[PDB]
Amino acid sequence: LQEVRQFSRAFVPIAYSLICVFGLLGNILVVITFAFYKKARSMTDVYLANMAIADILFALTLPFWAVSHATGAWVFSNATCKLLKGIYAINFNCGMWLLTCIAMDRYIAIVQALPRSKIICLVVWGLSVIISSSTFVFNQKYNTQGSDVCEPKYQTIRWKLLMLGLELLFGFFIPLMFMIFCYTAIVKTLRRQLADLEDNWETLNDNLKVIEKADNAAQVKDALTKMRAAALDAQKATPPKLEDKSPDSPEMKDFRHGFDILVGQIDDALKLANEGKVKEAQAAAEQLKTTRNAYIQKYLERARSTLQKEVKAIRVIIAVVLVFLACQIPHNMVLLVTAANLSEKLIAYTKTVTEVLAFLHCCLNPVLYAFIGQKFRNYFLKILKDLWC
Amino acid sequence: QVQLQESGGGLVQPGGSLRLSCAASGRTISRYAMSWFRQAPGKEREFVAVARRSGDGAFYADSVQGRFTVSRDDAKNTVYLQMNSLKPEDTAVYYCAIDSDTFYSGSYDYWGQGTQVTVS
Amino acid sequence: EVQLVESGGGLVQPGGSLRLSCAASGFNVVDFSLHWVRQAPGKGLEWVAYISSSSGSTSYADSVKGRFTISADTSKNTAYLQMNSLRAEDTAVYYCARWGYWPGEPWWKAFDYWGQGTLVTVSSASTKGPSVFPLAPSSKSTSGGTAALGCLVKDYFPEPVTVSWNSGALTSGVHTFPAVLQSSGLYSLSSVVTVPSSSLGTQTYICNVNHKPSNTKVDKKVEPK
Amino acid sequence: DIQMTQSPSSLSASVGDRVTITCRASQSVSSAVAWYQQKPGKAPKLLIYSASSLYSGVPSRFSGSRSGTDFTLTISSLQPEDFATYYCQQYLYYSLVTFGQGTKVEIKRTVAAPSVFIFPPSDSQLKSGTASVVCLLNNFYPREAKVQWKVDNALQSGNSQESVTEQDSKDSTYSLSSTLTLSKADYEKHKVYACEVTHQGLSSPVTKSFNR
Ligand SMILES: CC[C@@H](Nc1c(Nc2ccnc(C(=O)N(C)C)c2O)c(=O)c1=O)c1cc(C(C)C)co1
Ligand SMILES: O=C1CO[C@H](CNC(=O)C2(c3ccc(Cl)cc3)CC2)CN1C1Cc2ccccc2C1
Ligand SMILES: CC(C)CCC[C@@H](C)[C@H]1CC[C@H]2[C@@H]3CC=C4C[C@@H](O)CC[C@]4(C)[C@H]3CC[C@]12C
């Protein structure tokens, strides 16, 4: 219908202008807090900021998109047509590849366990343009239905299609698979370490309650068997604050020595419990509360704060991935099925709905850093305090 | 009350290949052992290959060592026999037998009907 | 050079008593906890008892509790195992193994050095010489091909018996089976050999059974009937 | 208390193969699992301690791993000098030591059917009151064979007693003898004595018998 597509053509440009100004403002804020501080920046954060400037370069083009959607035809040249449609393509592959190497960096720092960062940034920015060279050469303002539009068309055989499919798979299916594999292994690693910290701590207290009400030596041996196995496993636990540190660090050696004392007090109580002594085994288990409160619970809450901080840190970049994979995914599926096949109101409506959905993503990323971000929110108040004087 | 079926066969040139099959009905081959047996004109009921449980290995006779491969699929209750490098001495009826005892004593009580493999 | 040497394993009666003296060298007793692991003939390893002579923490398995008593001294740097009221189930090869004290690495090296072991045989039977009987092959058994013949070594109490064929001049195709314990407490052994059936005649097959504790040296003849 | 379950109790492998023995603990044994190698007639030797750490003097083909209460010993390339028995052992406490049941690793071989020989008791046995009849199984692979001592066409249990020798040094085959013990009057009660032999390399049982 002409009325429904005109309703979409009126809905698009002011949402485009609002998204342009909001994404532009939030992105300058992210950039200035990235540039004004260097001692706190991280490698994953270098990627996070590159995706930011990429959406700045995208956000400078929505005035042209708003003008062309308001006029109803590509008032511009075919040259600009590809100019814009490539900028959006390098935004897409910059987002995909930067989140892919964010996933690999977090896989290295979590599952497997910088002066050369600019070379890595220049590699990703280039690879995006390479996978966008097909977008640059395949899009030219043409004429259909009496109006000029900025859209790609497969016309005049083997080289074009071959490279198009190759680059497509290399930048989309391959990375996405790397991302879901790395993020599932990270989530399974961090949640198991939450479980291994808790269940080793759960049985070091629950079985201590069984000792005080056992009334014979038979249950004291079976309770202390589980606590010697729990304290041996909990000594082997590597916290994320000590995962990057050396295994022979002096901070870890105090944590291991507390479990070298705690198992030796289980061993003293097990030595009494095998002799049939029930009162002396419970009394030797009273010193197990003393050492836990002075060696282990000090390192339990330090590990339970660092591990949950990493879960808090991993939940904002997966949400950054999931927002990027909810906005920029259905628009590229629309532009792939149109080139694959070469009522009618539904196709034009779903084209424009995903057109404004993927273009919204330049606003949705500074939204996530302000809401569930743990580094941008603290340092945005830092630069606001230094200027409000 | 347990019977076995089979498939495969055909005329093969020297140096060729073939794959058999042996499914089981009314029985689970998860905790059992499967065997294959030849029957040539002149020498009858000759051992070919056995297939034990998962992790218990598979064993082959002297004549078919290297050029035969038995496989097992416990989900479909079907085993296979990959014959490669077929000499013209392999022409026989290929029987599939079940080890009725789980301790691999070789108690073959249930048998199939056979596959008329013919070469030259 | 760190080593553990067992001694004192031998032949006792049911309800008897013997002390196994596990010696040691190259290391001291109070810095390593000494354990006893026994292995019955044809069975796996079973933990028996341990001592930590630095403190004294003698624990036992439930099958040996009360009857067994482990001890050690550091002046001689050996360990001891006093066993009383023995049954037939205590017939085993007894190993002594060292294991370090918590904490650190030598606790994690559980039983890193073992002793070679001593065999304890608990049985009410007295030593007797074997009764050697031939296993004569049949004429219809593999005629014209390859035939098997041998000698049956029966009813000897001390287990080491040595069987040779043709005074050690026959070596191809001889199967001397391991001895089994009968229900009467004595041991039985079979030692068969395989030969061509054309060599059944005009060839002397000599079975040489040698038993040392009863000085029995039966020289039987295996011939077809 | 804490049980130890070693799954592949018999393992057949050839030179260059990759082996895997799985041990599982009843309770939570927390990396306190050792692995031992025992040649026949010799003391055990430690291979892997702390469920993963390689002991000194043990070659790098041996390795260990832990996945919860599941434990695994792996030989990467199998040399001929590591055909032996392998034991797992939890060592959570001094008084809490329990071993695995043991897995013996043997040489892989082509399947050979046993040669069945039955020997009647001699006259010197029957002049002493005892009658021993032996069924001999010669040069077979693998070990698993069943001898049924059918006396007078009747299944028998209780008095039969078998002995299996080790793997042969030349052809890697086992041999078996299953002697049957009876009294002299019980020997003269019957006249037809048979031993039925089943093997995985035999389609049908082989019955060797004689008449008295
Ligand atoms: C979006 C830009 C913002 N970065 C942010 C996050 N980054 C990280 C997210 C997840 N894991 C890490 C990490 O694994 N490690 C080891 C620290 C992060 O760094 C947020 O969350 C967040 O907001 C930032 C920070 C700065 C200054 C420090 C220069 C300027 O902008
Ligand atoms: O016009 C635009 C607008 O930015 C688009 C950005 N996409 C990409 O870079 C790729 C991509 C495409 C589809 C999907 Cl599902 C996932 C990733 C990696 C190739 C490209 N295109 C064109 C439409 C299209 C469709 C299929 C292939 C090439 C092109 C070129
Ligand atoms: C189609 C046109 C507009 C594409 C323009 C691409 C521009 C914006 C890209 C191409 C290469 C990019 C640079 C590559 C690497 C680095 C180093 C990094 O530490 C900071 C960003 C920086 C400096 C990038 C800034 C943006 C950049 C200059």
# chains A, B, ... in the order shown; residues from 1 in each chain; ligands from 1

call {"tool": "residues_around", "arguments": {"residues": "residue C:197", "least_positions_apart": "3", "cutoff": "10 Å", "atoms": "only C-alpha atoms", "output": "JSON, numbers by chain"}}
result
{"C": [137, 139, 141, 142, 143, 144, 145, 146, 147, 148, 194, 200, 201]}

call {"tool": "interface_residues", "arguments": {"of": "chain B", "to": "chain D", "cutoff": "12 Å", "atoms": "only C-alpha atoms", "output": "PyMOL selection string"}}
result
chain B and resi 33-39+44-66+95-111

call {"tool": "write_last_selection", "arguments": {"atoms": "N, CA and C atoms", "output": "short mmCIF file (atom, residue, chain, number, x, y, z; two decimals), in the first residue's frame"}}
result
data_model
loop_
_atom_site.label_atom_id
_atom_site.label_comp_id
_atom_site.auth_asym_id
_atom_site.auth_seq_id
_atom_site.Cartn_x
_atom_site.Cartn_y
_atom_site.Cartn_z
N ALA B 33 28.30 -58.62 22.27
CA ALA B 33 29.38 -58.65 21.30
C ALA B 33 28.88 -59.25 19.99
N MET B 34 29.25 -58.62 18.87
CA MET B 34 28.80 -59.00 17.54
C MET B 34 29.96 -59.68 16.82
N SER B 35 29.64 -60.66 15.98
CA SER B 35 30.64 -61.41 15.23
C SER B 35 30.22 -61.51 13.77
N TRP B 36 31.21 -61.74 12.90
CA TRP B 36 31.00 -62.01 11.49
C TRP B 36 31.69 -63.31 11.11
N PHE B 37 31.04 -64.10 10.25
CA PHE B 37 31.52 -65.42 9.89
C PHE B 37 31.34 -65.69 8.40
N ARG B 38 32.33 -66.35 7.80
CA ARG B 38 32.33 -66.72 6.40
C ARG B 38 31.91 -68.17 6.23
N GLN B 39 31.53 -68.53 5.00
CA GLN B 39 31.26 -69.93 4.66
C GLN B 39 31.60 -70.13 3.19
N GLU B 44 34.12 -74.33 5.56
CA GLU B 44 32.86 -73.78 6.03
C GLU B 44 33.00 -73.28 7.46
N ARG B 45 32.22 -72.23 7.76
CA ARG B 45 32.10 -71.62 9.09
C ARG B 45 33.45 -71.12 9.61
N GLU B 46 34.00 -70.15 8.89
CA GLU B 46 35.30 -69.56 9.20
C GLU B 46 35.10 -68.21 9.87
N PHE B 47 35.96 -67.90 10.84
CA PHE B 47 35.87 -66.63 11.55
C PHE B 47 36.34 -65.48 10.66
N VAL B 48 35.68 -64.33 10.80
CA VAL B 48 36.05 -63.13 10.06
C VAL B 48 36.44 -62.02 11.03
N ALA B 49 35.48 -61.56 11.83
CA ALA B 49 35.72 -60.42 12.70
C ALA B 49 34.70 -60.41 13.83
N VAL B 50 35.14 -59.90 14.98
CA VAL B 50 34.29 -59.75 16.15
C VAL B 50 34.24 -58.27 16.51
N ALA B 51 33.15 -57.86 17.16
CA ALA B 51 32.96 -56.48 17.60
C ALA B 51 32.39 -56.50 19.00
N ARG B 52 33.20 -56.14 19.98
CA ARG B 52 32.80 -56.18 21.38
C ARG B 52 32.19 -54.83 21.78
N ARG B 53 32.04 -54.61 23.08
CA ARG B 53 31.41 -53.41 23.60
C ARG B 53 32.28 -52.17 23.35
N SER B 54 31.70 -51.00 23.63
CA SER B 54 32.38 -49.72 23.41
C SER B 54 33.55 -49.59 24.37
N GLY B 55 34.76 -49.57 23.82
CA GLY B 55 35.97 -49.57 24.61
C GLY B 55 36.59 -50.93 24.83
N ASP B 56 35.90 -52.00 24.44
CA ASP B 56 36.42 -53.36 24.60
C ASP B 56 37.16 -53.86 23.37
N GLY B 57 37.25 -53.05 22.31
CA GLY B 57 38.05 -53.40 21.15
C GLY B 57 37.30 -54.19 20.10
N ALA B 58 38.00 -54.43 18.99
CA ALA B 58 37.51 -55.24 17.89
C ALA B 58 38.66 -56.07 17.35
N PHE B 59 38.37 -57.31 16.97
CA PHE B 59 39.40 -58.26 16.56
C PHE B 59 39.06 -58.85 15.20
N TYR B 60 40.11 -59.18 14.45
CA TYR B 60 39.98 -59.65 13.08
C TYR B 60 40.78 -60.93 12.89
N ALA B 61 40.35 -61.74 11.94
CA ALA B 61 41.00 -63.01 11.64
C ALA B 61 42.30 -62.78 10.87
N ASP B 62 43.01 -63.87 10.60
CA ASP B 62 44.33 -63.77 9.99
C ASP B 62 44.24 -63.39 8.51
N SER B 63 43.26 -63.93 7.80
CA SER B 63 43.14 -63.69 6.37
C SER B 63 42.62 -62.29 6.05
N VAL B 64 41.77 -61.74 6.91
CA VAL B 64 41.12 -60.47 6.64
C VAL B 64 41.73 -59.33 7.47
N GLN B 65 42.94 -59.52 8.00
CA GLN B 65 43.57 -58.50 8.81
C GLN B 65 44.05 -57.34 7.94
N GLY B 66 43.66 -56.13 8.32
CA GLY B 66 44.04 -54.92 7.61
C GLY B 66 43.07 -54.47 6.54
N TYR B 95 27.76 -64.48 7.50
CA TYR B 95 26.81 -64.60 8.60
C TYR B 95 27.17 -63.63 9.72
N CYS B 96 26.14 -63.22 10.45
CA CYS B 96 26.26 -62.32 11.59
C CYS B 96 25.77 -63.06 12.82
N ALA B 97 26.60 -63.12 13.85
CA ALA B 97 26.27 -63.87 15.06
C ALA B 97 26.42 -62.98 16.28
N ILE B 98 25.60 -63.27 17.29
CA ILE B 98 25.59 -62.54 18.55
C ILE B 98 26.22 -63.41 19.64
N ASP B 99 27.11 -62.80 20.43
CA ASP B 99 27.65 -63.48 21.60
C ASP B 99 26.62 -63.41 22.72
N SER B 100 26.00 -64.55 23.03
CA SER B 100 24.92 -64.58 24.01
C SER B 100 25.41 -64.38 25.43
N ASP B 101 26.70 -64.60 25.68
CA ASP B 101 27.29 -64.40 27.00
C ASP B 101 28.08 -63.10 27.00
N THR B 102 27.87 -62.29 28.03
CA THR B 102 28.50 -60.97 28.11
C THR B 102 29.97 -61.03 28.50
N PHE B 103 30.48 -62.19 28.89
CA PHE B 103 31.88 -62.36 29.24
C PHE B 103 32.72 -62.87 28.07
N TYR B 104 32.20 -62.74 26.84
CA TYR B 104 32.90 -63.01 25.59
C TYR B 104 33.37 -64.46 25.46
N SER B 105 32.60 -65.40 26.01
CA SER B 105 32.99 -66.81 25.93
C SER B 105 32.78 -67.39 24.54
N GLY B 106 32.02 -66.72 23.68
CA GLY B 106 31.81 -67.20 22.33
C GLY B 106 30.62 -68.13 22.21
N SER B 107 29.57 -67.86 22.97
CA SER B 107 28.33 -68.63 22.90
C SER B 107 27.45 -68.01 21.83
N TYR B 108 27.52 -68.55 20.62
CA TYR B 108 26.76 -68.04 19.48
C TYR B 108 25.50 -68.88 19.35
N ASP B 109 24.40 -68.39 19.91
CA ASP B 109 23.13 -69.11 19.91
C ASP B 109 22.22 -68.49 18.86
N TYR B 110 22.22 -67.16 18.74
CA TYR B 110 21.46 -66.48 17.70
C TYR B 110 22.22 -66.07 16.45
N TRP B 111 21.71 -66.46 15.29
CA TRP B 111 22.38 -66.21 14.02
C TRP B 111 21.45 -65.53 13.03
#

call {"tool": "closest_atom_pairs", "arguments": {"of": "chain A", "to": "ligand 3", "cutoff": "9 Å", "atoms": "only C-alpha atoms and all ligand atoms", "output": "CSV"}}
result
residue,atom,partner,partner_atom_place_in_ligand_line,distance
A:46,CA,ligand 3,19 (O),7.2
A:47,CA,ligand 3,18 (C),8.7
A:49,CA,ligand 3,20 (C),8.3
A:50,CA,ligand 3,21 (C),6.0
A:53,CA,ligand 3,26 (C),7.0
A:54,CA,ligand 3,8 (C),6.7
A:56,CA,ligand 3,8 (C),9.0
A:57,CA,ligand 3,8 (C),6.5
A:58,CA,ligand 3,3 (C),8.7
A:83,CA,ligand 3,1 (C),6.3
A:84,CA,ligand 3,1 (C),7.7
A:86,CA,ligand 3,1 (C),6.2
A:87,CA,ligand 3,1 (C),5.0
A:88,CA,ligand 3,1 (C),8.8
A:90,CA,ligand 3,4 (C),7.4
A:116,CA,ligand 3,19 (O),8.8
A:117,CA,ligand 3,19 (O),6.1
A:118,CA,ligand 3,19 (O),4.0
A:119,CA,ligand 3,15 (C),6.8
A:120,CA,ligand 3,15 (C),7.4
A:121,CA,ligand 3,15 (C),4.3
A:122,CA,ligand 3,14 (C),3.7
A:123,CA,ligand 3,14 (C),7.3
A:124,CA,ligand 3,14 (C),7.6
A:125,CA,ligand 3,11 (C),5.1
A:126,CA,ligand 3,11 (C),6.3
A:129,CA,ligand 3,4 (C),7.3
A:136,CA,ligand 3,1 (C),8.8

call {"tool": "residues_near_ligand", "arguments": {"ligand": "ligand 1", "cutoff": "9 Å", "atoms": "only C-alpha atoms and all ligand atoms", "output": "ChimeraX atom specification"}}
result
/A:29-49,52,102,105-106,109,310,312-318,365-366,368-370,372-380

call {"tool": "interface_residues", "arguments": {"of": "chain D", "to": "chain A", "cutoff": "8 Å", "atoms": "only C-alpha atoms", "output": "JSON, numbers by chain"}}
result
{"D": [28, 29, 30, 31, 92]}

call {"tool": "residues_around", "arguments": {"residues": "residue A:151", "least_positions_apart": "2", "cutoff": "7 Å", "atoms": "only C-alpha atoms", "output": "VMD selection string"}}
result
chain A and resid 139 to 141 149 153

call {"tool": "write_last_selection", "arguments": {"atoms": "N, CA, C and O atoms", "output": "compact mmCIF listing (two decimals), in the first residue's frame"}}
result
# COMPACT_ATOMS: atom_id res chain seq x y z
N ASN A 139 26.89 -1.25 -5.22
CA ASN A 139 25.76 -0.39 -4.92
C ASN A 139 25.86 0.90 -5.68
O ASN A 139 26.79 1.68 -5.47
N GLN A 140 24.90 1.14 -6.57
CA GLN A 140 24.90 2.37 -7.34
C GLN A 140 23.48 2.89 -7.52
O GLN A 140 22.58 2.14 -7.89
N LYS A 141 23.29 4.17 -7.26
CA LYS A 141 21.97 4.75 -7.41
C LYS A 141 21.41 4.39 -8.76
O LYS A 141 22.01 4.72 -9.79
N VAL A 149 16.82 5.14 -6.13
CA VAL A 149 17.04 4.59 -4.79
C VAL A 149 18.47 4.11 -4.60
O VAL A 149 19.15 3.78 -5.57
N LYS A 153 22.29 -4.29 -6.67
CA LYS A 153 21.68 -5.09 -7.72
C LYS A 153 22.73 -5.97 -8.37
O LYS A 153 23.81 -5.48 -8.73

call {"tool": "atom_distance", "arguments": {"atom1": "atom CA of residue D:122", "atom2": "atom CA of residue C:136"}}
result
7.5 Å

call {"tool": "select_by_dssp", "arguments": {"residues": "stretch 15-230 of chain A", "states": "strand (DSSP E)", "output": "short mmCIF file (atom, residue, chain, number, x, y, z; two decimals) with N, CA, C and O atoms, in the first residue's frame"}}
result
data_model
loop_
_atom_site.label_atom_id
_atom_site.label_comp_id
_atom_site.auth_asym_id
_atom_site.auth_seq_id
_atom_site.Cartn_x
_atom_site.Cartn_y
_atom_site.Cartn_z
N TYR A 142 20.26 3.73 -8.79
CA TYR A 142 19.63 3.36 -10.05
C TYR A 142 18.20 3.88 -10.11
O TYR A 142 17.78 4.64 -9.25
N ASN A 143 17.44 3.46 -11.13
CA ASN A 143 16.06 3.90 -11.22
C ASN A 143 15.14 2.69 -11.31
O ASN A 143 15.29 1.85 -12.21
N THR A 144 14.20 2.60 -10.38
CA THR A 144 13.12 1.62 -10.45
C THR A 144 11.84 2.26 -9.94
O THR A 144 11.87 3.07 -9.00
N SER A 147 11.57 6.16 -9.54
CA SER A 147 12.27 6.86 -8.48
C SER A 147 13.68 6.29 -8.32
O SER A 147 13.91 5.10 -8.55
N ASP A 148 14.61 7.16 -7.93
CA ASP A 148 15.99 6.77 -7.73
C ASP A 148 16.20 6.30 -6.29
O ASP A 148 15.83 7.00 -5.34
N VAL A 149 16.82 5.14 -6.13
CA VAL A 149 17.04 4.59 -4.79
C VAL A 149 18.47 4.11 -4.60
O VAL A 149 19.15 3.78 -5.57
#

call {"tool": "residues_around", "arguments": {"residues": "residue A:167", "least_positions_apart": "2", "cutoff": "10 Å", "atoms": "only C-alpha atoms", "output": "PyMOL selection string"}}
result
chain A and resi 127+130-134+162-165+169-172

call {"tool": "atom_distance", "arguments": {"atom1": "atom CA of residue C:175", "atom2": "atom CA of residue C:205"}}
result
14.7 Å

call {"tool": "residues_around", "arguments": {"residues": "stretch 27-34 of chain C", "least_positions_apart": "5", "cutoff": "10 Å", "atoms": "only C-alpha atoms", "output": "ChimeraX atom specification"}}
result
/C:1-4,22,49-57,70-80,96-101,106-107,111 /D:94

call {"tool": "write_last_selection", "arguments": {"atoms": "N, CA and C atoms", "output": "short mmCIF file (atom, residue, chain, number, x, y, z; two decimals), in the first residue's frame"}}
result
data_model
loop_
_atom_site.label_atom_id
_atom_site.label_comp_id
_atom_site.auth_asym_id
_atom_site.auth_seq_id
_atom_site.Cartn_x
_atom_site.Cartn_y
_atom_site.Cartn_z
N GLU C 1 69.85 -43.45 46.46
CA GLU C 1 69.65 -44.87 46.71
C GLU C 1 68.69 -45.04 47.89
N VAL C 2 67.40 -45.08 47.58
CA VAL C 2 66.38 -45.29 48.60
C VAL C 2 65.65 -46.59 48.28
N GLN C 3 65.53 -47.47 49.27
CA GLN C 3 65.00 -48.80 49.01
C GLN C 3 64.30 -49.35 50.24
N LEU C 4 63.31 -50.21 50.00
CA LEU C 4 62.60 -50.92 51.05
C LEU C 4 62.73 -52.42 50.80
N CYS C 22 59.91 -55.22 57.30
CA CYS C 22 60.21 -54.39 56.13
C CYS C 22 61.35 -53.44 56.49
N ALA C 49 47.37 -51.85 56.46
CA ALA C 49 47.62 -51.09 57.67
C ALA C 49 48.65 -50.02 57.37
N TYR C 50 48.77 -49.06 58.29
CA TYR C 50 49.81 -48.05 58.19
C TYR C 50 50.26 -47.65 59.58
N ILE C 51 51.48 -47.11 59.64
CA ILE C 51 52.03 -46.52 60.85
C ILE C 51 52.67 -45.19 60.47
N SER C 52 52.54 -44.21 61.36
CA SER C 52 53.28 -42.96 61.28
C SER C 52 54.08 -42.86 62.57
N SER C 53 55.31 -43.38 62.55
CA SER C 53 56.10 -43.53 63.77
C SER C 53 56.61 -42.22 64.34
N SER C 54 56.47 -41.11 63.61
CA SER C 54 56.77 -39.80 64.18
C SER C 54 55.79 -39.46 65.30
N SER C 55 54.54 -39.88 65.16
CA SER C 55 53.51 -39.65 66.18
C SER C 55 52.94 -40.94 66.73
N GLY C 56 52.58 -41.88 65.86
CA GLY C 56 51.92 -43.12 66.24
C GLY C 56 50.44 -43.02 65.95
N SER C 57 50.05 -43.52 64.78
CA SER C 57 48.67 -43.41 64.31
C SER C 57 48.26 -44.70 63.60
N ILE C 70 50.90 -53.35 63.49
CA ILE C 70 52.04 -52.76 62.79
C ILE C 70 52.91 -52.03 63.81
N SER C 71 54.22 -52.09 63.60
CA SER C 71 55.16 -51.40 64.48
C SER C 71 56.40 -51.04 63.67
N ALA C 72 57.20 -50.13 64.23
CA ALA C 72 58.42 -49.68 63.59
C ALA C 72 59.36 -49.15 64.65
N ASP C 73 60.64 -49.07 64.30
CA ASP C 73 61.63 -48.45 65.17
C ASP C 73 62.59 -47.70 64.24
N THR C 74 63.12 -46.59 64.73
CA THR C 74 63.99 -45.73 63.94
C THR C 74 65.50 -45.97 64.17
N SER C 75 65.83 -46.74 65.21
CA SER C 75 67.22 -47.06 65.50
C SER C 75 67.67 -48.03 64.41
N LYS C 76 66.82 -49.01 64.08
CA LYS C 76 67.13 -49.97 63.03
C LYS C 76 66.58 -49.56 61.67
N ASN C 77 65.70 -48.55 61.63
CA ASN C 77 65.09 -48.00 60.41
C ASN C 77 64.30 -49.06 59.63
N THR C 78 63.62 -49.93 60.37
CA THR C 78 62.76 -50.94 59.75
C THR C 78 61.34 -50.77 60.26
N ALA C 79 60.42 -51.50 59.63
CA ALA C 79 59.04 -51.61 60.07
C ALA C 79 58.70 -53.08 60.30
N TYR C 80 57.65 -53.31 61.09
CA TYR C 80 57.23 -54.66 61.42
C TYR C 80 55.72 -54.77 61.29
N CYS C 96 55.52 -53.37 51.33
CA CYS C 96 55.61 -52.18 52.16
C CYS C 96 56.00 -51.00 51.29
N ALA C 97 55.27 -49.90 51.45
CA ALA C 97 55.46 -48.72 50.62
C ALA C 97 55.53 -47.49 51.51
N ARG C 98 56.33 -46.52 51.08
CA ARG C 98 56.51 -45.29 51.84
C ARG C 98 55.69 -44.16 51.22
N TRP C 99 55.23 -43.25 52.07
CA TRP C 99 54.37 -42.15 51.64
C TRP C 99 54.60 -41.00 52.61
N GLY C 100 54.86 -39.82 52.05
CA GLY C 100 55.29 -38.68 52.84
C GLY C 100 54.16 -38.04 53.62
N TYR C 101 54.56 -37.09 54.46
CA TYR C 101 53.65 -36.45 55.39
C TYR C 101 53.10 -35.15 54.81
N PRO C 106 55.63 -34.59 48.85
CA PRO C 106 55.76 -36.04 49.11
C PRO C 106 54.50 -36.70 49.64
N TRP C 107 53.52 -35.93 50.10
CA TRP C 107 52.21 -36.52 50.35
C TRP C 107 51.52 -36.90 49.05
N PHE C 111 52.85 -43.77 47.62
CA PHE C 111 53.54 -45.05 47.40
C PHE C 111 54.49 -44.95 46.20
N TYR D 94 45.37 -41.39 54.88
CA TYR D 94 46.25 -42.52 55.16
C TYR D 94 45.47 -43.80 55.42
#

call {"tool": "atom_distance", "arguments": {"atom1": "atom CA of residue A:363", "atom2": "atom CA of residue A:182"}}
result
26.5 Å

call {"tool": "interface_residues", "arguments": {"of": "chain D", "to": "chain C", "cutoff": "9 Å", "atoms": "only C-alpha atoms", "output": "PyMOL selection string"}}
result
chain D and resi 32-34+42-50+55+87+89+91+94-102+117-125+132+134+136+138+161-166+168+175-177+179

call {"tool": "residues_around", "arguments": {"residues": "residue C:122", "least_positions_apart": "4", "cutoff": "8 Å", "atoms": "only C-alpha atoms", "output": "ChimeraX atom specification"}}
result
/C:11-14,86-88,90-91

call {"tool": "residues_around", "arguments": {"residues": "stretch 157-168 of chain C", "least_positions_apart": "6", "cutoff": "7 Å", "atoms": "only C-alpha atoms", "output": "number ranges by chain"}}
result
C: 125-128, 186-187, 205-211, 213

call {"tool": "select_by_dssp", "arguments": {"residues": "stretch 2-157 of chain A", "states": "helix (DSSP H, G or I)", "output": "number ranges by chain"}}
result
A: 2-35, 43-59, 62-71, 78-110, 117-138
